[PDB]
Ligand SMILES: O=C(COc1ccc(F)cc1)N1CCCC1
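Before any questions on binding or motion, here is one chain by itself as structure tokens, the form deposited without the named molecule.
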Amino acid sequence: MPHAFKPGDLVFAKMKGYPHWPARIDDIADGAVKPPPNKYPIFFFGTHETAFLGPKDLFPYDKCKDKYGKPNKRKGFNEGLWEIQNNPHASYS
């Protein structure tokens, strides 16, 4: 039965104007800016951008990869597909 989201969880994250995108729940570094209430720091694979999103925009990667994990023309998407499959927990600094 499902738990709350936690850092390291792999998702597809949906933003207005973008296809469901490979992403992870990031940690927050000591001294780093924290998200708003009920939001999580979402690191988008490929673009390496962070947004703060709530669960309504977060889909589990494993369950949804058949639907959402196909190549896309959007910039950074296919790089992101590689990252989430092959080294999703790496440092992308």
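Throughout, we count residues from 1 along the sequence that is shown.
A second form of this protein, the form deposited with the named molecule bound, is not displayed here; the remarks below concern that form.
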(request) Decide whether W82 counts as a contact residue for the named molecule in the deposited complex under a heavy atom distance cut-off of 4.5 Å. (result) no
(message) My question is simply whether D27 lines the interface with the named molecule in the deposited complex - judged by any non-hydrogen atom within 4.5 Å.
(response) no
(request) Flag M15 as yes or no: does it have a non-hydrogen atom within 4.5 angstroms of any non-hydrogen atom of the named molecule in the deposited complex? (result) yes
(request) Although the named molecule is absent from this view, report whether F44 comes within 4.5 Å of it in the deposited complex, heavy atoms only. (result) yes
(request) Would you mind checking 20 to 38 for residues with a heavy atom within 4.5 Å of the named molecule in the deposited complex? (result) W21
